[PDB]
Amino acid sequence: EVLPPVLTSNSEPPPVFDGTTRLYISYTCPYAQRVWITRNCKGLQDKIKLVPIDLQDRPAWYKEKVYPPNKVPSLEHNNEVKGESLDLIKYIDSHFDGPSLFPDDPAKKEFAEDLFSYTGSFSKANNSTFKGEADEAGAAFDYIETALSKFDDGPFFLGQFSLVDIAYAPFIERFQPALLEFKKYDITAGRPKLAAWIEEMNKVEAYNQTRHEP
């Protein structure tokens, strides 16, 4: 796959609502990365076109013609532009071909909703730590470690790979090296299920490719 160029304030607008599916992203936004990973994991590279924008020098046509809330990601599909990364990974999973990324088992679904609900707290805990407000990252990763012990039919949050792993991957990807650098803190220390989860995620090529750049 060829990753397309970043569009700036000086870029001409793409067709909007011409029938092509477009995923508007920033190459470094973790929320957008969630959706990009979902696209790749479902083999949708030829179905969903990436439209990367520069958030520091962004095209006015984005807010004006594509997505008024003026954030990434947003998904243009079937004459609607929709936002919210968690909504979007669920939407793509259920409206496009490719392997299903969400289990049918009601108990796994229920646990998944607990974990989706926890994403805000997870980010807040880590950010609190980086900002020196409270050392909450350890407790947050303890929660993750415990969650990984719930289902023993695979190494991922719901046992087998799912949208839940995808939701967390961009954030763990960023928090891990930052905690090591800024707080001299290794999240894998004492957290074997988490260490295994990171190793297994890193074997997923569809995810690794979202760490790529033009």
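Numbering starts at 1 and follows the sequence shown.
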| query | finding |
| --- | --- |
| 144 to 152 set against 162 to 170, stretch whose average Cα temperature factor tops the other in the entry | 144 to 152 |
| Between 75 to 83 and 100 to 108 (mean CA B-factor, as deposited), the higher | 75 to 83 |
| Candidate set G43, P69, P30, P177 [ranked by C-alpha B-factor, highest] | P69 |
| Ranked against its chain, the third holding the CA B-factor of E200 | lowest |
| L23 - which third its CA temperature factor falls in, relative to the rest of the chain | middle |
| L194 - Cα temperature factor, lowest/middle/highest third of chain | lowest |
| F157 - Cα temperature factor, lowest/middle/highest third of chain | lowest |
| Position of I89 among the chain's modelled residues by C-alpha B-factor, lowest, middle or highest third | lowest |
